[PDB]
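[1] Below: the sequence, then the experimentally determined structure.
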Amino acid sequence: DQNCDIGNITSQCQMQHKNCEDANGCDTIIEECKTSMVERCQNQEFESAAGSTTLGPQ
């Protein structure tokens with residue numbers, strides 16, 4: 001069933017306009033591409049840490 005695919009939306013932005021195609025590393029442009037649709041995959045993405053726990057260096 002998958003836990004949703006974390007790499008659904010990001011992949012598109014990663015190649016286009018992302019120095020280093022990695023989250024939680026060069027995370028800036030990916031951020032918006034990510035949190036948008038990857039909110040569902042928050043479990044996997046570890047969004048900051050959960051969400052309200054807005055830990056910068058996730």
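    Arrived safely. Numbers count the residues shown, from 1 in each chain.
[2] In what element of secondary structure is the most centrally placed residue in the chain found?
    For the chain, residue 34 is the residue whose C-alpha lies nearest the centre (CA atoms, centre = their mean; 3.9 Å). Per DSSP states H and E, residue 34 falls inside helix 30-38.
[3] Ok, residue 25 next?
    Judged by DSSP H and E, residue 25 forms part of no helix or strand.
[4] burial count for it?
    12 (other CB atoms under 10 Å). To be clear about C-beta, it is placed using only N, CA and C from the backbone, and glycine gets the same treatment.
[5] any idea how far it lies from residue 53?
    20 Å (CB to CB, to the nearest Å).
[6] List the buried residues in stretch 48-58.
    residue 48 (16 or more other CB atoms under 10 Å).
[7] hmm, I was thinking of stretch 31-49
    For stretch 31-49, the neighbour count (16+ other CB under 10 Å) marks 33-34, 38, 41, 45, 47-48 as buried.
[8] Show residues contacting that stretch.
    The contact list for stretch 31-49 (CB atoms under 8 Å, 6 or more residues apart in numbering) reads 3-6, 8-10, 12-14, 23-24, 27, 50-51, 54-56, 58.
[9] Now do the helices for the protein: every range, in order, please.
    Here the chain has its helices, by DSSP state H, at 10-16, 30-38, 42-45.
[10] now could you export just the CA positions of the second one as CSV?
    Extracted in CSV, the C-alpha atoms of helix 30-38 (Å, rounded to 0.1, in the frame of the first residue of the first chain):
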residue,chain,number,x,y,z
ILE,A,30,12.4,21.9,-1.9
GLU,A,31,10.7,23.1,1.3
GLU,A,32,7.7,24.5,-0.5
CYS,A,33,7.5,21.7,-3.0
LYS,A,34,7.8,19.3,-0.1
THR,A,35,5.6,20.4,2.8
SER,A,36,2.8,21.0,0.3
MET,A,37,2.1,17.4,-0.8
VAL,A,38,4.4,15.5,1.5
